Amino acid sequence: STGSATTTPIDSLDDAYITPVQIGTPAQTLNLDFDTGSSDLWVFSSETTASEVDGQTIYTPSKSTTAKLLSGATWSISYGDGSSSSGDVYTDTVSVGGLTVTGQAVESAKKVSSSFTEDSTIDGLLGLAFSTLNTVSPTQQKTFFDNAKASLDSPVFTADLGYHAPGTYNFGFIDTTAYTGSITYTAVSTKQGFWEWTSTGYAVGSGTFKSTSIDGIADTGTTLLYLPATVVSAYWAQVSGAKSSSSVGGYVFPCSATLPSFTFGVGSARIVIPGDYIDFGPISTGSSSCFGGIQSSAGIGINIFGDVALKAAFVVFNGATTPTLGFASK
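Every chain's residues are listed with numbers counted from 1 in the order the sequence is written; these need not match the entry, and residues without coordinates are not shown. Side-chain calculation: all heavy atoms of the structure are included, whereas hydrogens and water are not. Residues with missing side-chain atoms are left out of burial classes, side-chain pairs and their counts.

- Structure determination for this entry is recorded as X-ray crystallography, at 1.4800 Å resolution.

- Where the PDB entry is consulted, the protein appears under the name endothiapepsin, with the organism given as Cryphonectria parasitica.
- Per the header of the deposited record, the title is "Automated refinement of diffraction data obtained from an endothiapepsin crystal treated with fragment 73".
- UniProt positions are given in the numbering used here, feature names are shortened, and annotations may be inferred rather than shown by experiment. What UniProt states about the protein under its Sequence similarities heading is, verbatim, "Belongs to the peptidase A1 family."

Written as structure tokens, this is what we have:
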């Protein structure tokens, strides 16, 4: 089997992407944030504290003839941005782009933190990291991908995120019309539960490539590109007036600037992030100070190849017995 679903930016800045997901019988369609940096599929629901719901579409398990309470199971997750959610668990039928999994753990939120409430466009998350990170207790549950894997034509999914435009998540096949050139594959460590790999270096604008190993994660659920302070300083040094602001919480730059591109290495191959992808707009409405899309990972503890990087590529998440990651230009 295969599946194919369109993923759409939630706003004009590509702060996140939502993908429609069918849950239950009859189908209840929710728009979920596909997140290769976590491993829980959770949704706003009829159980969510009412004051914490503001515009989201909810899953109502009592209206699904295939929903079954997973007795005794609870979940609780906290993300790198300090947000969180928790609740109980149902199993139900879940379909993405025509690909159907029966008995999928659907984690129903009883509580969500303010940033989730405040984002009316995101009805929940669909985790696509390794199932070892799944938070369900006392019996850990599998991700949608893990459940679908054996049924797929090939044990892969691909992320093709758009810049200020829709893109595609495919399951079980590689669309050879969706990228240019070849796909370069690189090794993955699953030791931390992430799609963790090592970039071979970087360049700033038309500058020379610096060969240096950068260990990090491919994370569709993180907006920006977080890299070591040395790398990030080298980038912003090429933008007149750019500076790191502790009050704003990162590098900012004059909105009048033209940003240079940023290249990252995948083996001997190179992925080029156009300068415009690194502009996240005014820090506040009407400001002429703009927020940078490349930020320091110092004190996160991990480098993160988030959407800024991934949207510049066609990305293969290869879930074979020995997982690997593939990147192509597009």
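### Some words on the overall build of the protein
1) Next: We count a stretch as a helix when DSSP gives it H or I for four or more residues in a row; a strand needs E for two or more, and each element gets its number in order from the N terminus. Looking only at helices and strands, the protein features 4 helices and 24 strands.
2) Next: The globule rule puts the C-alpha radius of gyration for 330 residues at 20 Å, and the 20 Å found for the protein is close to it.
3) Next: Here the C-alpha coordinates of the protein stretch approximately 60 × 45 × 30 Å along the principal axes.
4) Next: Only heavy atoms matter for contacts: two residues are in contact if any of them lie within 4.5 Å across the pair. Of the contacts made within the protein by residues no fewer than 6 positions apart, 66% connect residues no fewer than 24 positions apart. Note that the radius of gyration is over C-alpha atoms, with the globule rule given as 2.2 Å times the number of residues to the power 0.38.

### Side note on the side chain of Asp119
1) Next: Positionally, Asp119 belongs in the loop between α1 (114-118) and β8 (124-127).
2) Next: For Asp119, the residues in contact, after removing those within four places along its chain, are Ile10 and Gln56.

### Quick word on the side chain of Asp307
1) Next: Following the sequence through the fold, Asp307 ends up in helix α4 (residues 307-310).
2) Next: Each residue's exposure class comes from its accessible area (1.4 Å probe, protein chains only) as a fraction of the maximum for that residue type: buried when under 20%, exposed when over 50%, partly exposed otherwise. Note on charges: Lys and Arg go in the positive column, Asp and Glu in the negative column, and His and the chain ends are not counted at all. Here, a salt bridge means any side-chain nitrogen of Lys or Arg that lies within 4 Å of a carboxyl oxygen of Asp or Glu. Buried and unpaired, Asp307 has no salt bridge, with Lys311 as the nearest side chain of opposite charge at 6.3 Å.
3) Next: When sequence neighbours within four positions are dropped, the list of residues in contact with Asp307 reads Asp14, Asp15, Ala16, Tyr17, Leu161, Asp219, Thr220, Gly221, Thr222, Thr223 and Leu224.

### Re the pattern of salt bridges
Side chains bearing opposite charge may pair, as long as their charged atoms lie close to each other.
1) Next: Considering all chains together, one arrives at 2 salt bridges under this definition.
2) Next: Among the salt bridges present, the one from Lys330 reaches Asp160, with a minimum N-O distance of 2.8 Å. Taken together, the residues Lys330 in the segment after β24 (324-328) and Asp160 in strand β9 (residues 156-160) connect sequence positions 170 residues apart.
3) Next: You can call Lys330 partly exposed: its relative accessible area is 39%.
4) Next: A relative accessible area of 16% places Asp160 in the buried class.

### Considerations on the domain arrangement of the protein
Many analyses report the size of an interface as the accessible area lost when the parts associate.
1) Next: The split of the chain into domains comes from an automatic or database domain assignment. Under the domain assignment used here, the protein contains domain 1 (5-174) and domain 2 (175-330).
2) Next: For the side of domain 1 that touches domain 2, the elements supplying multiple residues, two or more each, are β3 (28-35), β9 and β10 (167-171).
3) Next: Three classes are used, and their members are as follows: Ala, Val, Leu, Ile, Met, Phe, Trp, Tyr, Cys and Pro are nonpolar, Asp, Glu, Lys and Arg are charged, and the others, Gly among them, are polar. Within the side of domain 1 that touches domain 2, the residues separate by chemical class into 18 nonpolar, 6 polar and 6 charged.

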